[PDB]
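just the first chains of my complex for now:
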Amino acid sequence: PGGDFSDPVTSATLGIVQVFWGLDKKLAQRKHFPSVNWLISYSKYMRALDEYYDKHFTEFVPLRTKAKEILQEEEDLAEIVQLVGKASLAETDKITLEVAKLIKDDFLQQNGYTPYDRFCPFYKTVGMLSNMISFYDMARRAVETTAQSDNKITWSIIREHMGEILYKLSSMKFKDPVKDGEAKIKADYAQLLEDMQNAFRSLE
Amino acid sequence: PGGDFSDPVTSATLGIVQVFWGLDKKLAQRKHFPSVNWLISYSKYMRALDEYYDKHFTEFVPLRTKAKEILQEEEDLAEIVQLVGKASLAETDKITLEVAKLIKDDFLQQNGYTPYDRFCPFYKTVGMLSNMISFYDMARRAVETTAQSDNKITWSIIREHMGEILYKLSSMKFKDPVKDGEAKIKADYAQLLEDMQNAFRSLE
Amino acid sequence: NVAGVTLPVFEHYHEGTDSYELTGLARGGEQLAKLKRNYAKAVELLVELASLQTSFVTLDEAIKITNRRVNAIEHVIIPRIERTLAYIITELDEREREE
Amino acid sequence: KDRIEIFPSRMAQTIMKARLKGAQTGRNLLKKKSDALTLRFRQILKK
């Protein structure tokens, strides 16, 4: 009733269900889809599934943790920028908001009526996340690796050198599980990994 | 709950009781034992003790009135200290703040684990306060009496030429109703009155 | 950009070309060269004072703007929220008493 | 005028508690902004 998770059916359900997918009116109001709030949702099953992921997708658990951290650090930075503006943020924080925008708009957003996006296999899913967080670690590394240096890397310097990489990263959602084989999608995403690393070498 | 007096039992209790000794976590965190917040606290029995004090302690109602005023003035002056710093205050305000600090730290506060403060008799209490306020009135006299003069008295001159009186005033708490006779305590307090009067006469 | 606010300031920039190089060539040039240094040094201190003034003016507005927002939060927005919360608690308890 | 007039509900209690934390946080952030600028301003006055 009224969208309020204090409701007795919600409260009783949340005491029993191991997974909750809290769809949020704010995300719906912005027409973000599928509108799942990644701060109030939860899944207890990670404790078990870490064994399956460590057998079949060894990179995934680190990536999942780094995703959650970026997504939570976005909320802190957002609430301060909403009063102080962007000028107080360090370059790491500008990068954290940049990759959080990529995660929230190009990884976590998904359209239910687009043929290439209607469903996403896990091979595509882990690849997209792996590249966005690899970009985060490398872009953040470029700033931190130039602390106290004669020239310091910045979000603007990154945006200038890496613009093609940002377009390619946001474009990863367009790879089609029907017309593209999973090995092809993975090979294309591996080319984006090499493209990122070579483009980061032009900064460093 | 949370200190909110609108709570029905608390609200009705403050409605019915004639005295509230408002203990405060802030004062306890500063170790200001007994940690009673003198701004929030009150007694409605002041009138009812006039008969007692007029017989036994005829000066004490003036002293109590002055003490609360001095402490209240320091709380107002602290806003000016935050706005424009201690240096900007008038000499009368600065000596009021210094004396209010002396009253706060060496009269309101009391270390109940020490032999000298484990208990504190009423005659002791009156004599301590009498000295602090007699000092205030004579210090303030010298300041105000040297308004518009060539050489004007200030708290720093009082601390330079008679800071021994400030030290003695702070020391008056150590007097012991077991090892010192009541007459001996009263005589030492009367000696500090004579000492301060002669010290003030050296300035004005 | 300290505390999220742009404070303008000035840099003293020297372009080398003395448009008065030959002045007093016939007489007085030894003392005119000293005079050039004196006022050049003064211009540096004045560019500092101008920078301090631009900062002063910008800060005196920005501090007033900030304190006005803080006081509006402290004496408008928080009071509306607090009275609204107390009202909600009251009307929830009215529904609870009806039930 | 005196109140926000969100309609009395557990929803409104949730939202108003979050608004209070938001407003107290915003007060403290803008107070920190003011103090930082005030310190710089007092340095500028002396300079």
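Received it, and whenever you're ready, just let me know what you need. Residues are numbered from 1 along each chain as shown, chains lettered A, B, ... in the order given.

tell me the residues of chain A that contact chain C?
Residues of chain A found near chain C (C-beta under 8 Å from any C-beta of the partner chain) are A:84-85, A:87-88. Bear in mind the C-beta positions are built from the backbone N, C-alpha and C, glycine included.

could you dump the residues you listed into TSV and include neighbour count, distance to residue B:62 and secondary structure?
Shown next, in TSV, are those (neighbours: other C-beta atoms under 10 Å in any protein chain shown; distance: C-beta to C-beta, whole Å; DSSP: H, G, I helix; E, B strand; the rest coil):
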residue	neighbour count	distance to residue B:62	secondary structure
A:84	17	53	helix
A:85	12	57	coil
A:87	12	58	helix
A:88	19	55	helix
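
okay, the residues you listed in TSV with distance to residue A:38 next?
As requested, these are exported to TSV (distance: C-beta to C-beta, whole Å):
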residue	distance to residue A:38
A:84	24
A:85	25
A:87	27
A:88	25
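
which residue ranges of the chain form helices?
You didn't say which chain, so I picked chain A. With helices called from DSSP state H, chain A shows them at A:8-14, A:25-29, A:46-56, A:60-84, A:91-102, A:122-144, A:155-161, A:163-171, A:182-203.

wrong chain, I was asking about chain D
D:10-46.

give me the residue from it nearest chain C.
residue D:8 (3.5 Å; C-beta to the nearest C-beta).

put chain E on too:
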Amino acid sequence: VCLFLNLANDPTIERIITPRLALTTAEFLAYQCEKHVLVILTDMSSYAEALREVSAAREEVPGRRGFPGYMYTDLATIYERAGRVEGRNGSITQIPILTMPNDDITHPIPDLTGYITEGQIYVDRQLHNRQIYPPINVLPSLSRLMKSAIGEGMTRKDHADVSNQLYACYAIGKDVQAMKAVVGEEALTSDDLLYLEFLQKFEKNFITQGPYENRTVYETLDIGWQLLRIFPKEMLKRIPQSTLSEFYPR
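Following on from the chains above, chain E is added here:
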């Protein structure tokens, strides 16, 4: 350990019985068999959710927020089956785990429990989303008996000092982290940068522990010093100079 399970689909009166059943065993182990005991109750909110049903089964009118009026006494008759006793070595501690409905400390289940029990430990969604585990928030948490739990002979002499200092540094660290977000890194003082470095290392080494790392009190205090030694000796103002001279050296 003794383990009592009541499942979500076990019939609701068995959920009322289970706490009393467990405490009856704890009373036997402690007060007849001299054992020390820690009783852990996993979700007192699911128990409050049972008192609702049994009270409705008696046709009793629902009290405050639809819980039984006597819920204070009933939780007391659960929680106060605890303490040491005269002439027994035995001792029952309790740690009631308690799901605050809607995250609200004003809700009757946490509210009544806060009235009956000498502390609280808050688990925090802010820390859990950061993947800090265990996500205990050390600011709003308080053990009201701490100063009698710990000290010389009982643990280590420094412990009561270190806990006050760690709280102060974590609190000032959080205050500085909020300041950094406002002023930018270059506006921080050297002292602020110390509190911020302490904050970072404290969440990533003191709070963070993982599900199987059984740190003794001694290992926890050594981690406390491994962080507090980041500061200059004189910044550690809550600790006595004697304690610093005896433990700040490596």
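
so what's residue E:201 closest to, chain neighbours aside?
Closest residue to residue E:201 apart from its sequence neighbours, by C-beta to C-beta, 6 or more residues apart in numbering or on different chains: residue E:227 at 5.6 Å.

which residues touch that neighbour?
Applying C-beta atoms under 8 Å, 6 or more residues apart in numbering or on different chains, we find residue E:227 in contact with E:166, E:169, E:198, E:201-202, E:205-206.

residue E:196 too?
E:173, E:176-177, E:180, E:188.

at 6 Å what do you get?
Counting by C-beta atoms under 6 Å, 6 or more residues apart in numbering or on different chains, residue E:196 touches residue E:176.

returning to what we had before: can you pick out the most distant pair from the contacts of residue E:227?
E:169 and E:205 (13.1 Å; C-beta to C-beta).

the two: which is more packed in?
Taking neighbours as other C-beta atoms under 10 Å in any protein chain shown, residue E:169 and residue E:205 compare with residue E:169 leading, 23 against 12.

check which residues of the helix or strand in which that one is found are buried.
In the assignment (DSSP states H and E), residue E:169 maps to helix E:159-183. The neighbour-count check on helix E:159-183 (16 or more other C-beta atoms under 10 Å in any protein chain shown) flags E:159-163, E:165-166, E:169-170, E:172-173, E:176, E:178-183 as buried.

include chain F as well:
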Amino acid sequence: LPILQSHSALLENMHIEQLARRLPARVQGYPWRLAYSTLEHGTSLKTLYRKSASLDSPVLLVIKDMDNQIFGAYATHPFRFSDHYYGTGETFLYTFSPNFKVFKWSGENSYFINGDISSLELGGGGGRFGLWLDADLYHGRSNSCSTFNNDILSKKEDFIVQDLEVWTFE
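Take a look at chain F, now in place beside the chains above:
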């Protein structure tokens, strides 16, 4: 014989004498100023860099490990973050074992000093750091490197710092 110092040290008076006999003539006979210490200042690599960044002089690193061994390096330049190996050929590694022993530059490579936010290091030759320290100044490492042909200098290849100092000449 030994120089004067502004304060106490990890070093003994006999250590100061043995150092003064082996230091460069640019710094021999100067009184010593503490640049940084884990005793006198906050224990971290960031604090070390922050204190040292005001300097523009040669400096002496000193370490006592948890095995009580005294060792370190003489450096021609202050410890700082660096994009590259920096410092010059008068730089050397040393230990007391039990007497002073010194390892001057081999001439083989530029790998004198490097500084990072994550670590401070000296020497090179693949993974052979002649000295290495973590961001806490807690863990450290030392192995024989072609820059100095050094011994292990600490009691073990991997060690924990008991305490660290840096000194400058003034």
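
and the contacts of residue E:227, now that chain F is part of it?
Contact analysis of residue E:227 by C-beta under 6 Å, 6+ apart lists E:198, E:201-202.

re earlier: can you pull the buried residues of the helix or strand following the helix holding residue E:169?
From helix E:159-183 onward toward the C-terminus, using DSSP H and E, the following helix or strand is helix E:190-201. Residues of helix E:190-201 classed as buried by neighbour count (16+ other C-beta under 10 Å): E:192-199, E:201.

name the nearest residue to residue E:145, ignoring sequence neighbours.
residue E:118 (5.3 Å).

is the one you found in contact with residue E:146, as I believe?
No - the pair residue E:118 / residue E:146 is not scored as a contact, 9.8 Å apart, by C-beta atoms under 6 Å.

okay, the two: which has more neighbours?
More crowded of residue E:118 and residue E:146, by other C-beta under 10 Å: residue E:146, with 15 against 11.

got the residues of chain C near chain D?
C:3, C:52, C:55-56, C:59, C:63, C:66-67, C:69-70, C:73-74, C:77-78, C:80-81, C:83-85, C:87-88, C:91-92 (C-beta under 6 Å from any C-beta of the partner chain).

still on that earlier bit, how near is the residue nearest to residue E:145 to chain C?
Using C-beta to the nearest C-beta, to the nearest Å, residue E:118 is found at 28 Å from chain C.

which SSE is the closest residue to residue C:54 other than its chain neighbours in?
Once flanking residues are discounted, residue C:54 sits nearest to residue C:8: 4.8 Å by C-beta to C-beta, 6+ apart. Counting by DSSP H and E, no helix or strand carries residue C:8.
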